[PDB]
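Peer 1: quick one, structure for this:
(chains A, B, C, D, E, F, G, H, I, J, K and L, ligands or ions: 26)
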Amino acid sequence: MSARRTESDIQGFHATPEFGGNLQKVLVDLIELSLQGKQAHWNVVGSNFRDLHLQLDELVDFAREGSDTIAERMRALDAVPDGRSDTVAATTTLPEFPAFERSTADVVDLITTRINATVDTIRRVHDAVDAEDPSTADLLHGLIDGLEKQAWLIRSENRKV
Amino acid sequence: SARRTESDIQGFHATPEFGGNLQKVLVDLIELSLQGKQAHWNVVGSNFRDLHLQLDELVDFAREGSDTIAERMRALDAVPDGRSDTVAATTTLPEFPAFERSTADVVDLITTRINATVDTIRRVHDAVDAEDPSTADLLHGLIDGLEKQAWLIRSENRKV
Amino acid sequence: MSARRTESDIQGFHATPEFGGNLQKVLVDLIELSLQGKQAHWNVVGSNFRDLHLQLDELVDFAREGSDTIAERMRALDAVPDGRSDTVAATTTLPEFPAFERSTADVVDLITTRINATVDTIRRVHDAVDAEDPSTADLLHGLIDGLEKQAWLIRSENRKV
Amino acid sequence: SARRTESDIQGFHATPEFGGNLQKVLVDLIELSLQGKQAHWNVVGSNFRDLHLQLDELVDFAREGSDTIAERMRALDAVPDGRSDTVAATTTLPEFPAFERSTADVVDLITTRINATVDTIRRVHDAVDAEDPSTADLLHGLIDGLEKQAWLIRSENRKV
Amino acid sequence: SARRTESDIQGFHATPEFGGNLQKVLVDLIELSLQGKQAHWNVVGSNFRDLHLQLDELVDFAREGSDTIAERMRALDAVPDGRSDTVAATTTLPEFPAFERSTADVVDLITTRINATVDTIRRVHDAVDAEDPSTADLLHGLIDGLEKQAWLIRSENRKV
Amino acid sequence: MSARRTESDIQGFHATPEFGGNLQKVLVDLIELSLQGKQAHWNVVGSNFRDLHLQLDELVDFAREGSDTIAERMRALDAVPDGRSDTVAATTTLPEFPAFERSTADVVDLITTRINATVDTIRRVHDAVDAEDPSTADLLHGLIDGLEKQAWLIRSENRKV
Amino acid sequence: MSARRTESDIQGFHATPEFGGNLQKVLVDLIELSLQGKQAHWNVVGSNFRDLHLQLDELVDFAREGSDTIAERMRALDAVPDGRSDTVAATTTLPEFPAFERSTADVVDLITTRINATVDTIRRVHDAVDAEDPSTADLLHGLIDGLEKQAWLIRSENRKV
Amino acid sequence: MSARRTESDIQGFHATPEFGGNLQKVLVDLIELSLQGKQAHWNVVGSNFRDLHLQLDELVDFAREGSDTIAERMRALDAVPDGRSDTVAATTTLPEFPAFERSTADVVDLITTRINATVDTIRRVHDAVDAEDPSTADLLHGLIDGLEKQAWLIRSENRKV
Amino acid sequence: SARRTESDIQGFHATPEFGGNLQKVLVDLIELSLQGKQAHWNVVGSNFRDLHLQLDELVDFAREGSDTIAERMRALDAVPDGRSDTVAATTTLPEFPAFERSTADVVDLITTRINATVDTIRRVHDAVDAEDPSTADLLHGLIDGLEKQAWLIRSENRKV
Amino acid sequence: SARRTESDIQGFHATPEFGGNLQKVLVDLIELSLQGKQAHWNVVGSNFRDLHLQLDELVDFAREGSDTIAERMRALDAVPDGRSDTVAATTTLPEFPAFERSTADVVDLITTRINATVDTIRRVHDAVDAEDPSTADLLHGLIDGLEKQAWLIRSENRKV
Amino acid sequence: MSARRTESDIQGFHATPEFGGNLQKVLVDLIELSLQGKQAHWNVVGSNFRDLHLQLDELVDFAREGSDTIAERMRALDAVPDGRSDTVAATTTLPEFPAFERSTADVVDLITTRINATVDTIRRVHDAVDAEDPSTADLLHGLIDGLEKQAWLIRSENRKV
Amino acid sequence: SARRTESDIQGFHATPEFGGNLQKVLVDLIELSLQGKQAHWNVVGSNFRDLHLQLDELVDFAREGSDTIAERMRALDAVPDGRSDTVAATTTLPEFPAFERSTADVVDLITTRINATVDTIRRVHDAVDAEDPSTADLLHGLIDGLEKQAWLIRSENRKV
Ligand SMILES: [Cl-]
Ligand SMILES: [Cl-]
Ligand SMILES: [Cl-]
Ligand SMILES: [Cl-]
Ligand SMILES: [Fe+2]
Ligand SMILES: [Fe+2]
Ligand SMILES: [Fe+2]
Ligand SMILES: [Fe+2]
Ligand SMILES: [Fe+2]
Ligand SMILES: [Fe+2]
Ligand SMILES: [Fe+2]
Ligand SMILES: [Fe+2]
Ligand SMILES: [Fe+2]
Ligand SMILES: [Fe+2]
Ligand SMILES: [Fe+2]
Ligand SMILES: [Fe+2]
Ligand SMILES: [Fe+3]
Ligand SMILES: [Fe+3]
Ligand SMILES: [Fe+3]
Ligand SMILES: [Fe+3]
Ligand SMILES: [Fe+3]
Ligand SMILES: [Fe+3]
Ligand SMILES: [Mg+2]
Ligand SMILES: [Mg+2]
Ligand SMILES: [Mg+2]
Ligand SMILES: [Mg+2]
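Peer 2: Numbering: from 1, shown residues only, chains lettered A, B, ... in the order given. Ligands and ions are numbered 1, 2, ... in the order given. Take a look:
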């Protein structure tokens, strides 16, 4: 017991209310993106349907794993996520996805915009998150990298060169 | 030969009522999946881990269920709406509460909400079956799986 | 606005006593079939031993998965299964499997008869089950299909020309 | 105690009408698989790869389906005929054309071929269900799987 | 050179006493598996899920074990009897009770049932080892595996 | 310095009409074999049913993979396969598979004869194929090897002493 | 060779003695945590035994992978780890784990405390590690994230709400 | 304080020459069995060819794994195996496998006799092996168990009523 | 015995011409793999995803191809040179352009460069086969695989 | 029936001597695993990679071994102590040195320490076997596996 | 739509030309390392050939995944990679790999130097990359960690202690 | 239409000379596998582990190869002889020596044994190819695989 601490209770790192709020912002936009991605996945029609149909599911998988990561990171830091439908709809920054069947061209533009909005949220909170807890900023970097890759993989369809 | 002579052969298309009935199932499955994740993250207390894990299995089932229904709608020339505003405004599920919740409360809450989801499917079943028995089979898989989830979750709170 | 239900307690579907009894009938024949299938698997000897030995294990696997399906369906619908040895022996409708070694030809006939008996139980309760709960009848269809396939794969050894 | 005392208990035998109804399904599933491969090899043009790949998935499903139907026939002591001459002579599917075909044309042709196959299953469905509901469930799986493939393929040509 | 010149060399034959000793092990392993499933389905209450899951692991082990014993019997030209009537008539395990049972009760009941099964193996061990040490090693695997399951189950009720 | 070619358009190897026709001959016999293999797989009954039932499926798998190989080799070399039912029936060299159930012994002989016929087609076109394109002849060697192995595994049931 | 360096020997990045010492601190606490985790895994008894038994093994797996990561990172940077039992016991900051069987409730509190002590060590050295080598700080972030998740998954058992 | 041993050189368990010779006896019969098993696998023809063909390969797999186990156990205990063809032929106790094709019925009897012979060697050396090294006798028990299972699975083809 | 009496037995060694011929194949396979990755990253436009993915499959094939050839050289006592300066100075492939490129242009470009690579292999084939038929078989696998890639890629740009 | 009538049936419990003997094995397995990792990280020199890798395999074996023994103790109502202070104070293994060590030195060191570990198991074997043969089988697996590791490691330093 | 943005087009984060140039530097050295690694993998001979042969392939796998990561990160950020042979040869900082067979000892020294040159490039651009986009710096940290591990695993062969 | 009307079509029969040529390949592949194992067990010294491991990979390849050849014989109605006495009596490989051997010696010995095996395949190649080119392709796989193993093994002793 030469260097052994003798405390009965050793408490964990707790997130500030600001930090909790910042992760909550990321969470709702990740959930909204997952819901919009599925909507697009189902309703996309037209030239190169299959590629887009498939890529949109990969986007959804990533955004879902991301939302679970953020929410559980909140839990680890003694914060409380709210991923309920009403909260997501009321607080998401993503422009609304339109109803009905949409062409592959339209879906490419729509989804690129919504991914970019999501990435913007993460980029906006990044410095405040990093200042308080660099380990959480690393989770943000994974999200930024993965989502920006998805945006490139989707938007390239509409590029005329 | 017995070969048909039509250059174009069309598929079975669902009635508006049929599409509307699948839409009802869809929003309740999506809502259940969102509430399941909420519960999964925020459950605390005795037997946390079991409930945390089971809730993820519920969510997995509800998500594949929503996809199954939405794609069945698409196959039948109906158009699903799984957007957050639509889900929130049209789900029949009792609202799941915010904040940390005890294991016992989560068991009771989620059981009610699974039962609400099964009720929607059972309510639309006969109208769906009458128009398209193949879709009713998909409904049966959902009823079976969700009722299995209800049993696996609720049993925690059962006394003798 | 909101279609949300307001009850704090929504109950699940509860099977009638008759429905419970009907699934219990299926359950005991499936367990008995599993036990007889293993008996035959160990004790078969003669021409084409290996094929029958192997096929019998596939039958046992299917019947075991089936009994779990039925028993858990009972539990889901607030019915209580009884798969105990005494109950199975006292209430199964299958003819007893004979003792000791049996020839491949005899095992083929014996097991085919026992599958047919098991399927007959499922067919007998089907309409009453389907009328109360269509979703459970679908599980019965899976059992009927899978077992009648086993009966074909086993019986065909003895079918001539 | 409750043990039946007969030494031979017969299984369920399909009527010859039932056998013939499943035979109708079988030949169209086989024809669909062969046309599917023809399309898979010979498709050219804009979005070749997706179509090439999706067509193989259709063929996998149709081949599993023909196995399922033929084996169900055998289970009920009917006897399938999936020989080339029989399939050509009795399939209801319009002939697939020869030579290379554009992706747009293949989309339309294959959608029609899938729809014709589903139509056969839908046509025999009630007669099959009346004699054996367990077989009708297999038909439901086929209907669902095939109509999903029709949606996944035809969507390429959909303009909105 | 060192080649034996007899055309038929007989294998090791188990005595009928040895066969009977393995038969004792077999019926208790089968009874344990059936009681294990009964428990797995009918357990309710605090920590349901863990017990539900652990009980299935016990059943998997007991089923693999009964296969091992019955196949060892056959290898040595003994003939197993795992029929329901025989198992019910000759098992040494106390009967599992009917109906839903609390997790606490199931823990105690199943621990007792496992211990009874191990006791049978321990009782025949020396007689089995004396005739065939290779079979005794299979008994050792069973003892180790079953006592591990007893520990994993009973620990739930242990108060310290 | 640089060995780089300067053409903007380098064409691929194009098969002669004769070469295309030779691979077409192989293709139709492989498809016909696959169809007959399944027929036999469903309709075989009698002593050692299961082994033959299972082996026939392995044959069908090999023949199906083979037909895809040949058809795609045709496509690679700018030839156009025809695997349609009417063409296969009208142009296959295999004797017709008989209708209805057949005994294990008969299926063994029937299918062995049909494999032998399929291999004979491949052997007949081999030299002409090898002379134009050695790489395609190698694919033929794979087919010859794999099918003659199937013929051994199936025929040996009927071989005595 | 337009931008090619012409040095025969190009040396790697070497950790300072302070950096080596900082990683050594993390290493001993990760090893101590793995040893305490196993002790808890074996000796935990009581209500919800299985969940805790299983979670404790997941903790041990993570802490073991973590110690290997830290030690090998030391090796890469020309530092030398010491993970020997005497060194771990003499230099760990973790409060000693008690002997004998312990209740699930006690184990939850004990292990949460020990995880939190381990995380505290990583958090304490983080800034010095990051200042010298940001790539190693990223390995620390993985550890912080994974361990804090484990603490949440374990401690939640004892939460009364 | 410390129970640590102080020797810099601690030697391992070394087998007696007799022990080495006993394992060598097991080794050559296992290799011979593997070689004969393959011979039978290639050369069997007749009723139920496929089942025997397949089962013989499982026998060969088991016997090959067995020979490696024994040979490596020898190496561990400072004994030196000899698995060379000349040694195996000159010292195996198994009757020679006959040349050319053999019927399924004959292969069943022939291979069953050869397994019985292999097991008899293991049974003959068992007590002497167990007395010197119980851990090696356990490996023998695995061989006895696995081979006698193979003998059952193969011989049962020829067992009547 | 028929045992050979040589203490040392040497392996087949390739002629300088043979090694030179495999070297020619090697640099063109490496160049193709590097151009394939360039195209994979920089392709944009209609059907981007299909082409992006197919190009990775081409690269995978060319990389395993280069390894196969280089190691065959090693087996035969020849010494490969796959260094960047050597590849750049000695490849016969038309240079792949820098910057973003449309799907249609990438199809045409890569098809030409695959065909150039196949041409090298076909050009050395007879000299390789004459010296060592076993190596010609490796060449056949490369010809087959690359020509399959050419077909899968070029079909995108094919019109009716 | 042959059913036993006891409501409670107890399991086999180990003597204090037996628990003490397994404890002796446990600390030496844990010590070996810790020394194995030390060696794995700090080995340098000729054939580094082989030794680095083999040492991880040794560690894997010793860790699963320690778990096996500790859980066997638990099954038998004994209480393991695998804490660092206990391991350090009670292990019989010669101390592994600090700092980088050559491959040849690591081979010699680890071989000695494996042999020390095997010696503990062999020293307790007969007392363990006499009380509970099933546990002796677990000991045999450890002796076999560790002695295999000793051979695979030491062979590096063997001269002709 | 309470927090919903109402922009039709939301643009992504775009890398500066300096940032694009910095990632390009990393890319060419990763590709050069992969090409040199394979050259070494093929041509290494002598004492401990196999270990080095195998480790060199692991190095190549990592460097290849790394180059794909960097290039695609460039694409995501609207930069354009150039991984062509001429560009790699003209702009790599790695000392040239020698021609012909090389001893294992020489290869160890050569490859360690080339890995270290590659790591130096990443370390040199790190701060500028991190200042502009911390998410990309995290990708750099993965590369630094993985490559420095490879250098340790390779160089340790030549260490005399 | 194009259907052949004969009821029995014979397959390709190997001549007895062809059978004998494959038999030569078979015995050397078997001898190589047995010598490979001998080496694998008995190799000691510097870089033991790599050699131990590579020798097992050689044996796996040689065993798959002997199966391939024996099965090709059977496919063409030849009859293999892989019995120990036949292999010892007719193999062309120099005898592997008894006892422990250094890694350096094993490298040289095994390289020679591989080269002798390849030589047999190369010797029969043209006679085999003339009668059946499909079999010659299997010989090519063996040549390529074995010469790869020779390179991977001998490189250990190569000084440059
Ligand atoms: Cl795709
Ligand atoms: Cl089989
Ligand atoms: Cl769990
Ligand atoms: Cl290795
Ligand atoms: Fe229905
Ligand atoms: Fe269904
Ligand atoms: Fe149904
Ligand atoms: Fe060839
Ligand atoms: Fe940072
Ligand atoms: Fe990271
Ligand atoms: Fe960072
Ligand atoms: Fe033992
Ligand atoms: Fe050739
Ligand atoms: Fe080939
Ligand atoms: Fe023993
Ligand atoms: Fe054992
Ligand atoms: Fe989907
Ligand atoms: Fe279950
Ligand atoms: Fe294909
Ligand atoms: Fe081995
Ligand atoms: Fe390689
Ligand atoms: Fe454990
Ligand atoms: Mg596409
Ligand atoms: Mg058979
Ligand atoms: Mg629990
Ligand atoms: Mg080595």
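
Peer 1: ok, now how distant is residue A:102 from residue A:110?
Peer 2: 7 Å (Cβ to Cβ, to the nearest Å). Where C-beta positions appear, they are placed from N, C-alpha and C, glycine not excepted.

Peer 1: can you list residues touching both of these two?
Peer 2: The contact sets of residue A:102 and residue A:110 overlap at residue A:40 (Cβ atoms under 8 Å, 6 or more residues apart in numbering or on different chains).

Peer 1: name the residue closest to the centre of chain A, please.
Peer 2: The residue lying closest to the centre of chain A (Cα atoms, centre = their mean) is residue A:30, at 2.9 Å.

Peer 1: secondary structure of that residue: a helix, I assume?
Peer 2: Yes: assessed by DSSP: H, G, I helix; E, B strand; the rest coil, residue A:30 belongs to a helix.

Peer 1: can you classify the closest residue to it other than its chain neighbours as helix, strand or coil?
Peer 2: Closest residue in space to residue A:30, ignoring its immediate chain neighbours: residue A:67 at 4.1 Å, by Cβ to Cβ, 6 or more residues apart in numbering or on different chains. State at residue A:67, reduced to three classes by three-state DSSP: helix.

Peer 1: so what's the residue count around residue A:67?
Peer 2: A total of 25 residues lie near residue A:67 under the criterion other Cβ atoms under 10 Å in any protein chain shown.

Peer 1: got a list of what it touches?
Peer 2: Contact analysis of residue A:67 by Cβ under 8 Å, 6+ apart lists A:27, A:30, A:31, A:34, A:83, B:37.

Peer 1: now with 6 Å?
Peer 2: Residue A:67 is in contact with A:27, A:30, A:31, counting by Cβ atoms under 6 Å, 6 or more residues apart in numbering or on different chains.

Peer 1: what separates the residue in chain A that ligand 23 sits nearest to from chain J, distance-wise?
Peer 2: In chain A, the residue found nearest to ligand 23 is residue A:51; the distance is 3.7 Å by Cβ to the ion. Per Cβ to the nearest Cβ, to the nearest Å, residue A:51 is found 42 Å from chain J.

Peer 1: ok, residue A:137 next?
Peer 2: Taking Cβ to the nearest Cβ, one finds residue A:137 at 30 Å from chain J.

Peer 1: got a list of contacts for the strand or helix carrying that residue?
Peer 2: Using DSSP states H and E, residue A:137 maps to helix A:134-155. Outside helix A:134-155, the residues within contact range by Cβ under 6 Å, 6+ apart are A:55, A:59, A:62, A:66, A:69, A:73, A:108, A:111-112, A:115, A:119, A:122, A:126, A:129-130, G:141, G:144-145, K:12, K:75-76, K:135, K:138.

Peer 1: number of residues surrounding the residue of chain A found nearest chain J?
Peer 2: Using Cβ to the nearest Cβ, the closest approach of chain A to chain J is made by residue A:1 at 7.9 Å. Residue A:1 has 12 neighbouring residues, counting by other Cβ under 10 Å.

Peer 1: which ones are touching it?
Peer 2: If you count contacts by Cβ under 6 Å, 6+ apart, residue A:1 has none.

Peer 1: again, but for the one 5 residues further on
Peer 2: Counting by Cβ under 6 Å, 6+ apart, residue A:6 touches no other residue.

Peer 1: ok, residue A:100 next?
Peer 2: residue B:79.

Peer 1: what about it, which SS state?
Peer 2: Per three-state DSSP, the secondary structure class of residue A:100 is coil.

Peer 1: if we can go back for a sec, filter the contacts of residue A:67 down to the ones close to ligand 10.
Peer 2: Among these, no residue sits close to ligand 10 (Cβ under 5 Å from the ion).

Peer 1: okay, now the closest residue to chain E within chain A: neighbour count?
Peer 2: Closest contact between chain A and chain E, by Cβ to the nearest Cβ, is at residue A:8 (18.7 Å). Neighbourhood size, residue A:8 [other Cβ under 10 Å]: 9.

Peer 1: so it is in which element?
Peer 2: Residue A:8 is part of no helix or strand, with elements assigned from DSSP H and E.

Peer 1: tell me the spacing between the nearest residue to it once chain neighbours are set aside and ligand 10.
Peer 2: Among residues not flanking residue A:8 along the chain, residue G:113 sits closest, at 7.2 Å (Cβ to Cβ, 6+ apart). Distance check for residue G:113 against ligand 10: by Cβ to the ion, to the nearest Å, it reads 28 Å.

Peer 1: and the residue in chain A positioned nearest to ligand 24, what are its phi and psi?
Peer 2: Proximity of chain A to ligand 24 (Cβ to the ion) peaks at residue A:54, 43.7 Å away. Here is the backbone geometry of residue A:54 (degrees, to the nearest 10): phi -70, psi -50.

Peer 1: not counting its neighbours along the chain, what's nearest it?
Peer 2: Of all residues not flanking residue A:54 in the chain, residue I:49 sits nearest, at 7.6 Å (Cβ to Cβ, 6+ apart).

Peer 1: do a quick rundown of the helices in chain A.
Peer 2: A:17-43, A:49-76, A:85-91, A:104-132, A:134-155 (DSSP state H).

Peer 1: hmm, the longest one touching ligand 23?
Peer 2: Same thing as helix A:104-132. No: judged by Cβ under 5 Å from the ion, helix A:104-132 and ligand 23 are separated, with a smallest distance of 9.5 Å.

Peer 1: what angle sits between that helix and helix I:48-75?
Peer 2: Interaxial angle, helix A:104-132 versus helix I:48-75 (axes from the mean of the first three to the mean of the last three Cα atoms, to 10 degrees): 70 degrees.

Peer 1: check the last one too.
Peer 2: Using the same axes, to 10 degrees, the direction of helix A:134-155 lies 100 degrees away from that of helix I:48-75.

Peer 1: got the CA positions of helix A:134-155 in PDB?
Peer 2: Taking C-alpha atoms only, helix A:134-155 is exported to PDB below (Å, rounded to 0.1, in the frame of the first residue of the first chain):
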ATOM      1  CA  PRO A 134     -10.700  16.400 -24.500                       C
ATOM      2  CA  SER A 135     -11.800  12.700 -24.400                       C
ATOM      3  CA  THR A 136     -15.300  13.700 -25.500                       C
ATOM      4  CA  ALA A 137     -13.900  16.000 -28.300                       C
ATOM      5  CA  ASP A 138     -12.300  12.800 -29.700                       C
ATOM      6  CA  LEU A 139     -15.700  11.300 -30.000                       C
ATOM      7  CA  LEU A 140     -16.800  14.400 -31.800                       C
ATOM      8  CA  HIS A 141     -13.800  14.000 -34.200                       C
ATOM      9  CA  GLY A 142     -15.000  10.500 -35.100                       C
ATOM     10  CA  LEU A 143     -18.400  11.900 -35.900                       C
ATOM     11  CA  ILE A 144     -17.100  14.800 -38.000                       C
ATOM     12  CA  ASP A 145     -14.800  12.500 -39.900                       C
ATOM     13  CA  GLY A 146     -17.500   9.800 -40.500                       C
ATOM     14  CA  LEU A 147     -20.300  12.200 -41.400                       C
ATOM     15  CA  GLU A 148     -18.100  14.300 -43.800                       C
ATOM     16  CA  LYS A 149     -17.100  11.100 -45.500                       C
ATOM     17  CA  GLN A 150     -20.900  10.300 -46.000                       C
ATOM     18  CA  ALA A 151     -21.500  13.800 -47.400                       C
ATOM     19  CA  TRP A 152     -18.700  13.300 -49.900                       C
ATOM     20  CA  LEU A 153     -19.900   9.800 -50.900                       C
ATOM     21  CA  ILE A 154     -23.500  11.100 -51.400                       C
ATOM     22  CA  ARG A 155     -22.900  14.600 -53.000                       C
END
